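Worksheet: one structure, shown below.
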Amino acid sequence: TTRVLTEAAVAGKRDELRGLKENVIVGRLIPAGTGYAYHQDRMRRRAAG
Amino acid sequence: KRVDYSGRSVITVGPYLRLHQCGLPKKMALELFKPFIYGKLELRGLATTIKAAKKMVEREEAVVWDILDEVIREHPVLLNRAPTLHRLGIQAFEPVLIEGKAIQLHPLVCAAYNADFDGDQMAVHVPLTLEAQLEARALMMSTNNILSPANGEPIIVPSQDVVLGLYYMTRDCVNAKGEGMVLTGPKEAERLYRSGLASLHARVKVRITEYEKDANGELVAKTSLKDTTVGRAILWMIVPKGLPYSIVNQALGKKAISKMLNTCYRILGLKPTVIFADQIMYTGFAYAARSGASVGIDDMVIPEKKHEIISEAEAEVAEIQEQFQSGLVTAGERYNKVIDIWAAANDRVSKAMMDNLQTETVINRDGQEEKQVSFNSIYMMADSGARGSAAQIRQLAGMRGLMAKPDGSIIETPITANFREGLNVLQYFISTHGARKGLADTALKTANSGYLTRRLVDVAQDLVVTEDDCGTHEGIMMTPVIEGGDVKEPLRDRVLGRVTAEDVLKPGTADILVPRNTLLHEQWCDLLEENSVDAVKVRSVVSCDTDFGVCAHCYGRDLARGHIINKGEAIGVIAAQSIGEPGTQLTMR
Amino acid sequence: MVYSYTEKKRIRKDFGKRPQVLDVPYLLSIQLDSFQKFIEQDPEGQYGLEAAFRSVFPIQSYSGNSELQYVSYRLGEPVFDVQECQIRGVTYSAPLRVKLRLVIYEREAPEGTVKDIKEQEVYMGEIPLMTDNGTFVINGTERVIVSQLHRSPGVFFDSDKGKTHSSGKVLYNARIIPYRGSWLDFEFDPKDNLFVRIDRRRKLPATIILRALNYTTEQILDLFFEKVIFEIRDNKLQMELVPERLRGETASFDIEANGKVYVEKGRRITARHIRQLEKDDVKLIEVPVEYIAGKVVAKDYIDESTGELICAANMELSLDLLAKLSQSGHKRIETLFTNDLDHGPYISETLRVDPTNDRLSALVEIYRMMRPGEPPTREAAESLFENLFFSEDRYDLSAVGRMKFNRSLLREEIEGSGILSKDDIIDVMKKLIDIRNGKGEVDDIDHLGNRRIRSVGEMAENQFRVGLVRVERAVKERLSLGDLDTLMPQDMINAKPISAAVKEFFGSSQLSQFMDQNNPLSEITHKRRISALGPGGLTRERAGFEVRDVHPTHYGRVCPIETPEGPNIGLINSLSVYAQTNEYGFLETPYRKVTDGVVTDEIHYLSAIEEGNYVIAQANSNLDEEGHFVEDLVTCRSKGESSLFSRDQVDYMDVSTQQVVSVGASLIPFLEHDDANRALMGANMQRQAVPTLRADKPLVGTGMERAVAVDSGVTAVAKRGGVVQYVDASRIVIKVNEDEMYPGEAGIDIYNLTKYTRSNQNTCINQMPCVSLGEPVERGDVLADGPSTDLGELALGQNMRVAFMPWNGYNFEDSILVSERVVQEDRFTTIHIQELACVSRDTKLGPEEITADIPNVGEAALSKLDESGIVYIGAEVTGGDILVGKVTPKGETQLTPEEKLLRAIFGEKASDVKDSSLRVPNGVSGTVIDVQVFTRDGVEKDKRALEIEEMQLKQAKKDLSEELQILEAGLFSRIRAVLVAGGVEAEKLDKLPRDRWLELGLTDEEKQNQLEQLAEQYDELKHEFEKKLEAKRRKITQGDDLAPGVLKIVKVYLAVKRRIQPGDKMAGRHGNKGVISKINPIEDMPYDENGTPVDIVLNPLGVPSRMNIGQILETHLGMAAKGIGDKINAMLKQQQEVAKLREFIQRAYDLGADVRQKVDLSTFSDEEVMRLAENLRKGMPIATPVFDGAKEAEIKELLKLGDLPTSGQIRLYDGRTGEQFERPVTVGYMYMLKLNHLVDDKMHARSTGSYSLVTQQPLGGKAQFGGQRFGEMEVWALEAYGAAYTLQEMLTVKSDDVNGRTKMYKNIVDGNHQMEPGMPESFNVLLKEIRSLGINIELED
Amino acid sequence: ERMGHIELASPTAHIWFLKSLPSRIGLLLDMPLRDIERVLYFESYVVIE
């Protein structure tokens, strides 16, 4: 963890919460199974705003 | 993070309580669904205040039990094994109240949950939202999860008492009471329960009304008078209409019942095969309990020529030690051919064993010499496969064999005994090395398997289905594995759950067998096998050009369904877990 | 002939074919021997505490002319007793005192002592004294420290090669491990270079350490290497070649042998040529110059004229070098051999590697290692190097280490110094280079001749030495400062450090652990366990695969069966039955000396090294009457290769077949008929057995259970008794006969039993007496019966009627059916003891007292409370009922008219106190046994504390009154017997003592003086009684000492009876375990032809796959025994005559082959046989040896006598439909055991409880109504299902989402069933802790 | 939810950087690890300009 954190802070990267573990840790619907449609709708509405 | 509605229940056998059910002890109840009890009490006008509801719940009145029963009656519940490896370690069931304190688990799902009815703790979970109940009902029920997500073979593999009893009642000594009787098929049980004939009766003629779906989408009746035994006759009333009578007319081993369930699933469907398995297992419990199937010291038989074989082996050992003393033979050759002679003696002992335990028994008859399969218990279950194997039985009647391995070597003199005639001190002292090595291997390799599976899940989690077709002709080449002495696996299932490309061609020039995008559901395999094709072009996961996940047009199904995989299903989670699940590998080379 | 009165009531028949020769030893000798010898006053200081003083005791000031000496030590008598400590809670111990001596000497006088201060001793700590059973009562509880298996000190030459080399080359290193200090290592490199390593740190060159030991290069070359003369004079270049010394090299050219050429040029060397060269005398022979270039000079040579450094040591000779060196220096130059075939330098290659040559330069390199900075100054390096290894008071490994040192180098002497020497290390490298070149075999880590065992005595000694060496420094510094004083030696001698160190060692250490009380067999084996983890050996259960193996040398030393199957497998072990400890650290096993065929009865204990030399016969060998052998070839072992041997080749034989087995697994009958794994699990779950209310003796046993019962010290035995007078359920008095009575005593012994006493596993230990009234008692016989003991026999379980039958799927794999009869018969019912305690904790607001004035509570809750607050003895309780009423004072307030009015109206509370009473935890129901309260001195409230004081006081006076009463009776009888024939009849004395008729003996006042003496003795006895009773009384109510914060402690003991129900973990004895799944009613069960139903339905499908023939054998033998018992019961209930019953009993006791010679009608009386039969009316007791048991023909022969079928198959009917079962069933009687793995502890649910402050999660593992923990494999499987909304519920509804749990609860109670995720609080926790460091992190929009 | 802060006027380095496998300060100043770790403890006295 520590080296990854240092590298991210050095580079200044953003996650966008695309991995399943991201939705797990934040605690939202993962883009798989039943929540796939909701994730797709969220991605679609993100295009317009 | 800790779980709220959960914890530490014990496992018991559910002979009753069919698959879509489970037994939740009542003392565990009334707590998990206490908010539901409060809601029902307020809705029914039984508690104007929450404190009244709390006091009456704490006092445990009969009306409280009635409300519990009314609310739990439509509320499925989910169960989990604490050490879990694959998807079937977690399944959902319908709770049933039983006055005890250990949850009743069905015998069949025991294989998936990998339990053993020893000291174990189950994790119980309640989904509360309507959607979560629905998600449990639609995907995590056992009735739907008949097949493996790993290979395709059915996880539900009935065994033990059920297979032993079924194999027993589909038998005949030579001819039981009332051999020549003829009846229609329902009367077989009518006369079996009361008097007149035994289930071991053979040469019985019955009129069987078979039903076959020859035409498209409908079955036609067919009647026949084939000769059949009693157990098959009474088992025919339990088999549904679709299946023929040939499958139920056999010694009916574990593979027989396995392929029977496979036929019922593929031909009839989900619910027919589920109810078929349910009723089969009920028959298994009933007939095993009716059969008896006792065991004893004399049930096993020690072959007599074992002493003669041992004497000849000892004479050979005396000869070889004399030869070594003569100086003609070196030491390594001496050990090696001592091992060879002892292995030959072991093989001969095992052969005399199986001969004394095989279909070698005389029954009274006009010819007075009728050698039919004996009814010894150990050989019975070995043929059936209920529990144990002929390899294990070899250690019970004949000799153990060598069983000599301190670290890597093999000791000269093997162990010559069985658990009936006793065993010596030094030999038992030696024999523990393999046992302790296996124990150490298991205890030190479960952790390695767990870490391997963790690594696999972490590395293959981002995979998901998000696109339909890749529109690419690139694919992997699939051919039968032709190496070693013979073929290890023919081109039968490597393309079963796969989709062919446009590169499939007939052996004849300017001839085609199937168009580009076609799924080999169940019959194209036979067509391509008839053409003796060796090379098949099938798009793989890497072959598909999508730049994101894997499209469904290159993966097939490989699931307990009958249709192509749908969008949103996470193959990567489906993958990376089946591979390391069989953590029964070997360590220390 | 065997009398055996205490078990003459019931004699257990045996089929031991072999004759026993040696009795089982005390079986607890190891755990007691070290402790008893540690506190043993020895005339010579070798081990124990005397050796602990004499090591570093003499204190000498820094030229202060002052010394400290001691005479001897004595151990103070313990303040309390075992049961007193167990009642109170103090650690049982004994104070230490030793006489000191300060001697001060004046200056200007050589050792001129002027004064001594040896007049008073000082106390330094208390040594925790042992009990009779090798236990300790530290902190009130019974405490045991396990003996450790570790690596014996010495030098061990291992390979450490193979795949770990990663170069395809074998390695040969050497390590020396002293008992204390630093470890010295000698590794080997693939470049054929040696390296020196200390403390597993960075490597060093091989020879620099040798240079550090004042060694020059020429000495090194001369000692390690052999120097040939190499005499080349007048350019002859003639070599002295010894074919016997060096050979095996092909000659190149120009080779002769004393004139005529023997080996031709370019010809391969042959043995004939070597023999011819050795036969004739060979002088110096000329050789080509080519042999000089590759050859290296041995010593440094200098020219005769000048002394340049030409031809330096360890330098190859050159062609241009040769001419000028021969011209100037000399003609003969010492050189080497360098035979790569059978030798290898491995040092000359390393000599040039060394950057330092001088001793001073080499001295600082090691210092540069262990100190990176602070370079030395020619004083620190030398002294530190002297201190590291060659110092006396810092290395002091052992004498056993020196033993192994000399044994590994083939030395005859056994006595030496703990320090090392140069010859030792040079011989070490010599042996290393010989082994690498090839001279012997490597050592074995797993061999037992290399590992030893440390008991608790030596650990106590080492801990005491460490604690004393610290106080020695303080004593020294205080003696050096202000030495001009005559004060008593308490200057710096503090008992606090030693006491704290010893308490920490005993209390909290990895070896010491709580002792299992659950079974007497687990009791005896837990003190026999041997571990490798701890201070030494292996630091963890990881890092090893072959260390935990069973070596072939574990034959009679450790049992290869008893070991846990968990991650700690292969490291936790247990000694054998006859295995003892060697003199130093090792294990010894007895064999029998076989001389010229015959077998002598003498006993000899041999070790792992001693057993590997001679020939030992196998126990399963027949013997002749004179001790000869029947067959010529006997299977025997010599060096780990068992094979046949003649009767003239064997030297030893085993004692019994029990030698390999422990005590844990010796009790399983027919052990040879079960697999290994099942033997392991049977032994392991046996310890988890639990005694029940009515202990039931085992029908089929092995006989060692009797010895285990009589050696665990759990029951009550009689010591020097002759006959019993009074018997009570809790107290037994024995009247010793005058034969075993010595003068000066009353002649009685009292034994107070153990009634419902809490055990470590919260079980119950209850002792049940054996004799009834007026029974003649011998010595060494049992009187009470402790847990799972019957008539002095380990009886752990009940014998249940069991059948091998599938029953409608109630026995699918491992599920077991139980009878309603068994639960109705209250079999297996278990009783447990739970405990509660409470304190006061005086605060600044005021002390807290117990007076039962709880506000805001109903009278019904207080309706059972007594005035002081505790509950009456014998009550029952369920739920959260109040037990002890405690309140907390509150701070005073101002006038405050509100509660001023409230007090004026209500009063007596004034909100002064808060309800802080002790209540029962929820989900707990039971009944109380007894209460207990302790109050510190200075507080004498004692509202209801006096009842226990007076109860124990009356108990004390009662049980002390008997001896004084009987002494008074004896003296009064003497008085009556001395006045006879003196004109006074016994009527006067009987009516009244009358002061012994006014003591009017007369008879010239001599008899008068005699009666005066008797009256004086009576008065002295009265005085002794009064002083004894007052001493006991002051001991009783003296008061206790508690923590400063606490005021008083109240402890309450509760009892719960626990029955059988499905879900319980029942287990057998042959590796078969089962969960109960149904309590079937009696009617439904299978019933025999006589209507007797079966008790337990067992699944017969587990027979072939687990190899458990022992189970069926025990069931058939149970049929034999139960049939015999039923026949005897019918024989007795008919009220038949004695003679035929006796004849039948004799015919039963002598059935079978030749085992034992016992016959009734010659010893047993006409009344003994009645009770003997009445005892064995419910079954025939049988005992079978471990690997010398019965035969199948024997069992079948037994079955016919009780009218049983030989096959064991019996027809059964259905208790539900009554149809006769085909396939006749083998039913039987098995010895089942109940385990603490009970469902009444496992159940746990939660709907809404308490969460943590940290990350806001619930507590967890049933700690105050907790919950279970969800797994990551589980979320993986859920994703395999893809129920994303289910995971959202999983992460929000029931998670740390504080704003979601309330809303979901409302949605449920309103029936909404709607969820909004929000955000877990643990994510905010993660964000806050990340922002705690120099890293920004935030979430965009 | 509320944080606290310490002034710490004396400059302090962060041990996460420059102490992992890559040295952020080492690769920024092109200096070896040994030199920087030595100078951080007031016993090297590096020249600035």
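Ordering of the structure tokens sets the chain letters (A, B, ...); residue numbers start at 1 within each chain; ligands are numbered from 1 in the order shown.
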
All residues 9 Å or closer to residue A:26, only C-alpha atoms, same chain fewer than 4 positions away omitted, as a VMD selection string: (chain A and resid 17 21 to 22) or (chain C and resid 1319 to 1320 1323)

Distance filter 7 Å, only C-alpha atoms, chain C against chain A, as a ChimeraX atom specification: /C:1282-1285,1288,1291,1319-1320,1323,1335

Computed interatomic separation between atom CA of residue B:334 and atom CA of residue B:316 (Å):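 Computing it gives 11.8 Å between the two atoms.
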
Chain D contacts to chain C at 9 Å (only C-alpha atoms) as JSON, numbers by chain: {"D": [1, 3, 14]}

Contacts of residue C:519 within 8 Å, only C-alpha atoms, excl. fewer than 2 positions in-chain, as a list in words: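 So the residues in contact are residues 516, 517, 521, 522, 523, 687, 688, 689, 690, 691, 787, 788 and 796 of chain C.
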
DSSP strand (DSSP E) residues within stretch 609-666 of chain C, listed as a PyMOL selection string: chain C and resi 616-617+634-637+643-645+652-653

Computed interatomic separation between atom CA of residue B:450 and atom CA of residue C:567 (Å): 15.0 Å

Long-range neighbours of stretch 49-61 of chain B as a ChimeraX atom specification, 12 Å cut-off, only C-alpha atoms, 5 positions minimum in chain: /B:26-27,29-31,33-44,66-68 /C:879,1306,1309-1310

Near-residue C:245 list (12 Å; only C-alpha atoms; drop same-chain fewer than 3 positions) as an NGL selection string: :C and (226 or 228 or 240-242 or 248 or 274 or 277-278 or 337 or 339 or 342)

Generate a file of the selected residues that holds N, CA and C atoms, formatted as an mmCIF file, in the first residue's frame.
data_model
loop_
_atom_site.group_PDB
_atom_site.id
_atom_site.type_symbol
_atom_site.label_atom_id
_atom_site.label_comp_id
_atom_site.auth_asym_id
_atom_site.auth_seq_id
_atom_site.Cartn_x
_atom_site.Cartn_y
_atom_site.Cartn_z
ATOM 1 N N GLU C 226 50.620 -30.296 5.189
ATOM 2 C CA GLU C 226 51.824 -31.098 5.333
ATOM 3 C C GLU C 226 52.869 -30.602 4.344
ATOM 4 N N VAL C 228 56.294 -31.070 2.363
ATOM 5 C CA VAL C 228 57.267 -32.032 1.870
ATOM 6 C C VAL C 228 58.631 -31.354 1.830
ATOM 7 N N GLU C 240 61.529 -36.692 -2.844
ATOM 8 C CA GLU C 240 61.237 -37.819 -1.966
ATOM 9 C C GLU C 240 59.759 -38.164 -2.099
ATOM 10 N N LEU C 241 59.459 -39.208 -2.865
ATOM 11 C CA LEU C 241 58.091 -39.620 -3.151
ATOM 12 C C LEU C 241 57.771 -40.874 -2.353
ATOM 13 N N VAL C 242 56.681 -40.831 -1.600
ATOM 14 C CA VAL C 242 56.195 -41.971 -0.833
ATOM 15 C C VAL C 242 54.922 -42.472 -1.506
ATOM 16 N N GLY C 248 48.143 -42.233 -6.947
ATOM 17 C CA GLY C 248 46.943 -42.067 -7.742
ATOM 18 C C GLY C 248 47.013 -41.005 -8.812
ATOM 19 N N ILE C 274 52.368 -49.038 -7.723
ATOM 20 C CA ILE C 274 52.462 -48.510 -6.366
ATOM 21 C C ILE C 274 53.028 -49.563 -5.422
ATOM 22 N N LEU C 277 56.735 -49.894 -6.072
ATOM 23 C CA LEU C 277 57.455 -48.753 -5.520
ATOM 24 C C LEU C 277 57.549 -48.827 -4.003
ATOM 25 N N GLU C 278 56.493 -49.297 -3.338
ATOM 26 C CA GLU C 278 56.519 -49.412 -1.886
ATOM 27 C C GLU C 278 57.382 -50.577 -1.417
ATOM 28 N N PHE C 337 51.385 -30.344 -1.305
ATOM 29 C CA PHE C 337 50.950 -31.449 -2.151
ATOM 30 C C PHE C 337 49.826 -31.047 -3.097
ATOM 31 N N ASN C 339 46.589 -32.233 -3.545
ATOM 32 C CA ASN C 339 46.003 -33.384 -4.220
ATOM 33 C C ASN C 339 44.502 -33.154 -4.337
ATOM 34 N N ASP C 342 41.822 -36.404 -3.493
ATOM 35 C CA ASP C 342 41.388 -36.766 -2.152
ATOM 36 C C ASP C 342 41.602 -35.667 -1.119
#

Shell of 10 Å around stretch 15-27 of chain D, only C-alpha atoms, local chain residues under 3 positions omitted, as a list in words: residues 2, 3, 5, 6, 7 and 10 of chain A; 1333 and 1334 of chain C; 12, 30, 31, 32, 33, 34, 35, 36 and 37 of chain D
